[PDB]
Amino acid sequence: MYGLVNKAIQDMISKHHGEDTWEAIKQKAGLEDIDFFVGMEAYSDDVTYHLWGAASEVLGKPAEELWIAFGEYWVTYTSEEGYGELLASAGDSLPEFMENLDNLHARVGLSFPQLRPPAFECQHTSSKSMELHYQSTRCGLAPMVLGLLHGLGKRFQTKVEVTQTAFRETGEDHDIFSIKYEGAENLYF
C-alpha cells in the first residue's frame, strides 16, 4: 500500500493514543529504519499488516476493530489532505456515491501509478437499501468497509445499517454488505 495509507494510520494512532505509543507500535512491527512514510511511494503491504499487528497488541484492540475505526478516518483524512474535490465529484448522496467508486479509484490512479484498488458493485434493492459487493486483491480488509460505510453515513448525513451477508472466507466469490439507509424520517417519527 502507498505511504499515504500508512501515514493515515500514523496520524490516526498519534491523534488517538499519542506519539509515544505510535513510536512503540512502529518499533514492535519492525519498522524503525523508516524515519517516516512518503505519500506517493509504494510500500510493501506487510508494512501495513505489521503495523496493525503491533498496534493491536500494544493497544489491546483486535485488528477488526482498528480497521473499522480506520475506514471512518480515511474518509475524513482523504478529504482533508487534498482529495476533497475528487470526493465531491463522486456523488451528492450515498447511493450516487457508491456507483462511482471504481471510477474514483481510477481517477486516483493518475496520481498513484502502482495502485491496486478495490472493486465495488452496487445493487439498489430500493431507495432505503442496497447490497454492496466488494472484491479485492487482498485478504481481510472487509472490516475496513464497515468503517468506511459508517464514515459515508456521516458524510451524507445518513444513518446506515450495514450487515455483512457474504464472507469470502467461507467460500464466496466476494464479500457482500446489506446496507439500510435513512435520512431524517428516522428522527421525526
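Throughout, we count residues from 1 along the sequence that is shown.
Higher mean CA B-factor, judged across 131-139 and 25-33 from the recorded values: 25-33. Here 66-74 and 37-45 are compared by their mean Cα B-factor, and 37-45 comes out higher. Ranked within its chain, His124 lands in the highest third, by CA B factor from the PDB record. Looking at the C-alpha B-factors along this chain, the one for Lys159 belongs to the highest third. Remark: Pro117 belongs to the lowest third of its chain, ranked by C-alpha B-factor as recorded. In the deposited entry, the Cα temperature factor of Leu86 places it in the highest third of its chain's modelled residues. In this PDB entry, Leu187 carries a Cα temperature factor that places it within the middle third of its chain's modelled residues.
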